[PDB]
């Protein structure tokens, strides 16, 4: 395996197995779309590192591409092959990861809505929908298509046309349809916590 001299350096990170959770989340797998992680090169990615849990203290970062789990190559592993490998009983968890960067513009937004105030946005894309990304028709992600200047999002100022939506109130939008994404955004309540990154212009 080399898997060496790539765009980004690789490194074996050991996580101790003394009870408790890893404090990480993974997306991707050969049977999945992992946008915006590895758009040209698919795989398994660390999508979320809990601060400051086991994964965080060990040096794992959001965007990390997992190449091997305890010596087991997982570059072509399905999402469940990867998950099971990470859950298999072992004295110590060895992760060969490649230090791919997190998707550009990755940031969490907390948006406040006054009582009776609407969000004032519309979205495009979604799994098995119409291409929300003009630059890439294979991309089935969720993007902001419109922002009303007077709505909550408009007055907040941070949401804008083009941004990719990743999760809403801790609920992931990956693999979700347009309608499933819409019902999440509508039932969000007084406070919208949304994970976004740059998508298009």
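Numbering follows the first chain given and starts at 1.
Legend: mean Cα B-factor per stretch from the PDB entry, 174-182 versus 19-27; the higher mean is in 19-27. A summary of the deposited B-factors shows that, of 127-135 and 79-87, the stretch with the larger mean C-alpha value is 127-135.
Taking the deposited Cα B-factors for 164, 35, 48, 65, the highest one is held by 35. In this PDB entry, residue 150 carries a Cα temperature factor that places it within the highest third of its chain's modelled residues.
For residue 58, the recorded CA temperature factor ranks within the middle third of the chain's modelled residues. The PDB entry assigns residue 122 a C-alpha temperature factor belonging to the lowest third of its chain's modelled residues. Residue-level temperature factors show residue 144 in the lowest third of its chain, judged at the C-alpha atom. In this PDB entry, residue 39 carries a Cα temperature factor that places it within the highest third of its chain's modelled residues.
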